[PDB]
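The structure under discussion appears below in the form of structure tokens.
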Number of protein chains: 2
Amino acid sequence: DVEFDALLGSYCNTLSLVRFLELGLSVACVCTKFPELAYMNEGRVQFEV
Amino acid sequence: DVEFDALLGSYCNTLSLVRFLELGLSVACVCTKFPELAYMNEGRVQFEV
């Protein structure tokens, strides 16, 4: 009498990653990198209306 | 006078035999053959997510 325990497979998933600009939400944001942002103190925007 | 009897027919039952690959059931399982499963003791599959 012979006996064996069989390991018959496994399946990983691809952890898919989205872009955030490959997405319809990103019309509402104007995302611009300001890479000195820590060194900023206070900023204003002008509006002549 | 003449007198007899007439066996006026006898008809058989045609048996249809299924094949199980020509079904919508086959989409649900993975038919794999493995001649040593009586020699198998336990079977394990581990998964990754």
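Can you find, within the range A:1-18, the residue that is nearest to the other protein chains (Cβ to nearest Cβ) among those that are in a loop (DSSP other than H, G, I, E, B) and among the charged types (D, E, K, R)? Outline the logic, then answer.
Residues of the range A:1-18 that are in a loop (DSSP other than H, G, I, E, B), as a first pass: A:1-3, A:8-18.
Next cut, among the charged types (D, E, K, R) only: A:1, A:3.
Working: A:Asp1: 9, A:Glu3: 4 Å.
Once the filter is applied, the top-ranked residue is A:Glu3.
In the range B:26-41, the condition of being surrounded by 10 or more Cβ atoms within 10 Å (Cβ to Cβ) and farther than 12 Å from A:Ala6 by Cβ is met by at least one residue. Here B:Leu21, B:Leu37 are screened, and the one residue that is more than 14 Å from chain A (Cβ to nearest Cβ), hydrophobic (A, V, I, L, M, F, W, C) and in a loop (DSSP other than H, G, I, E, B) is B:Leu21.
Residue by residue, here is whether (1) over 27 Å from the mean Cα position of the chain (by Cα); (2) under 30 Å from B:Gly43 (Cα atoms) holds:
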site: A:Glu3; (1), (2): yes, yes
site: A:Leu7; (1), (2): yes, yes
site: A:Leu15; (1), (2): no, yes
site: A:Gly24; (1), (2): no, no
site: A:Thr32; (1), (2): no, no
site: A:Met40; (1), (2): no, no
site: A:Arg44; (1), (2): yes, no
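Pairing residues of the range B:30-49 that are among the aromatic types (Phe, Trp, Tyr) with residues that are in a loop (DSSP other than H, G, I, E, B), at Cβ distances under 8 Å and at least 6 apart in sequence or on separate chains, gives B:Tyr39/A:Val2; B:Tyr39/A:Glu3; B:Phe47/A:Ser10; B:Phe47/A:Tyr11.
Throughout, read-outs are computed from the coordinates displayed, never taken from laboratory work. FYI the Cβ positions are ideal-geometry reconstructions off the backbone, even for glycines, and counts take in every protein chain you see.
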